[PDB]
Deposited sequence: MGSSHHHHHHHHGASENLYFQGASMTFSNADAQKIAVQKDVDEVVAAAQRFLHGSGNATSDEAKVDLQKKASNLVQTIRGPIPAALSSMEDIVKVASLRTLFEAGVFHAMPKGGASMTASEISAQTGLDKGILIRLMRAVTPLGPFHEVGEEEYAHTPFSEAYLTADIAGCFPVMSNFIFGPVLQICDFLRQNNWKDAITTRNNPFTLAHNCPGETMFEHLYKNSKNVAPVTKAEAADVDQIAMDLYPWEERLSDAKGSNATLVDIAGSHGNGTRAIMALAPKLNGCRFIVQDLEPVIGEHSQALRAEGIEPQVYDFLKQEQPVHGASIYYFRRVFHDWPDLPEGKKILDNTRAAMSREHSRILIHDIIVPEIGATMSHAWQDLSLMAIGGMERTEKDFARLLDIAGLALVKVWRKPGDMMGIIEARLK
């Protein structure tokens, strides 16, 4: 039968595991191949037609995780694998015991929970992972505000006959949230009860961005006086700055600045001052870059929020204003998408940004963004196996 196909796919899984289990630390390519072959084996087991039903399984699973997390089922359940009944869970959260039982059927068969017995469930480390800092900031915001729009990508493109009408202020997010005209940050910050959850999600860093990719000690110490300064534009929480103060520590009493919109600077001002950095409110769309002539202006996970034109050039030009030609420099820190062999990690970030008019850029895409803004490529800082790179640039 097809039992032949299962057998060949199991062989490839074993072969890939053996490769992965004897490679060194050189996020490996072996690790992703083993995932790939594991995935093939499932699909082959299911067969082509039944595997096309995995979109409906996937959708209800996400919908059930989102509901269970929002209704406090994850927090009500004993961390550590101890069991708890539907009735107990229903009592402590007020989620209808009938809905809860139905919802649990999507997150126990394979899902991150364990069905210990009838109406009886336990955490596993995969469910409890939804409680960690990274996931707990990131998942509720994505599921309450972003998943809906992403699903509506098709509807938005349909209205323009599959043409790219997508903009920062007219996109599947404005369509789904019925807010044409507002960018996503505008719409979320407008309601103050979103500021805490959104700034937490902005702190999410599941893949642990490599901040030692660039020599902060070198460029910042050869900086006399006013050039000994680093601006972390749309710095948000500041963790990127903390990590740069944590990647060169022999400081010549240096100036460390974190600019962001008002409600963000509000949330982190006290904690940023405390750690000795200075919080200033700034809008790289309306205003020009206040701090003149700093050795670097640093952009981490900002430019994937914006298209080349208009906002892209407007960012780069509003801060070209304050740059010394020969002594200031611009650093763009973002995913660098390969032109072939992209992973699901590129895909989910890029396509979620599609819903708000953003986009992850290839190396060629960054080249055109520089050209359009009259900037010279200095160096593309990559430590391969990193998805992030740093685009270093000076004024032409």
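J.: Please report every deposited-sequence interval that has no C-alpha in the structure, sorted by position.
T.: Several stretches lack coordinates - namely 1 to 31, 58 to 59, in sequence order.
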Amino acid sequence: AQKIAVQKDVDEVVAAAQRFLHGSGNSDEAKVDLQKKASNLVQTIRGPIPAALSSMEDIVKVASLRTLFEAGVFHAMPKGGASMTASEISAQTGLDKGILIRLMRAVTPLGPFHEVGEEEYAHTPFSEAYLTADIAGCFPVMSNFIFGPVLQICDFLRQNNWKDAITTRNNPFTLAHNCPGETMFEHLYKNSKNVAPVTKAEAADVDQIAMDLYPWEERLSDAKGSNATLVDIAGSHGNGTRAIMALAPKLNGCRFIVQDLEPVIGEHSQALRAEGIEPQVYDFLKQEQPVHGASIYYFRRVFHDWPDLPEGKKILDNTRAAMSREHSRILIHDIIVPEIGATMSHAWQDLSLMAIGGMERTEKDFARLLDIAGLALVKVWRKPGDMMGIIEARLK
From here on, numbers count along this sequence of modelled residues.
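J.: If you take the mean CA temperature factor per stretch, which one wins between 322 to 330 and 136 to 144?
T.: Per the PDB entry, the higher value belongs to 322 to 330.
J.: Decide which of the stretches 151 to 159 and 216 to 224 has the higher mean C-alpha B-factor, going by the entry.
T.: Stretch with the higher mean C-alpha B-factor: 216 to 224.
J.: Select one of 27, 55, 345, 352: the residue whose C-alpha shows the highest B-factor in the crystal structure entry.
T.: Across 27, 55, 345, 352, the entry lists the biggest C-alpha B-factor for 27.
J.: Highest Cα B-factor in the deposition, which of 280, 83, 168, 90?
T.: Going by the entry's C-alpha B-factors, 280 comes out highest.
J.: Test of reading the entry: by CA B factor among the chain's modelled residues, which third contains residue 371?
T.: As the PDB entry reports it, the C-alpha B-factor of residue 371 lands in the highest third of its chain.
J.: Based on the deposited C-alpha B factors for this chain, I'd like to know if residue 174 is in the lowest, middle or highest third.
T.: Lowest third, going by the recorded CA B-factors of the chain.
J.: Against its chain's modelled residues, does residue 378's Cα B factor rank lowest, middle or highest third?
T.: According to the entry, residue 378 has a C-alpha B-factor in the chain's highest third.
J.: Among all modelled residues of this chain, ranked by Cα B factor, put residue 73 in the bottom, middle or top third, i.e. lowest, middle or highest.
T.: Its C-alpha B-factor belongs to the lowest third of this chain's values.
J.: Report the third (lowest, middle or highest) to which the CA temperature factor of residue 239 belongs, ranking only the modelled residues of the same chain.
T.: As the PDB entry reports it, the C-alpha B-factor of residue 239 lands in the middle third of its chain.
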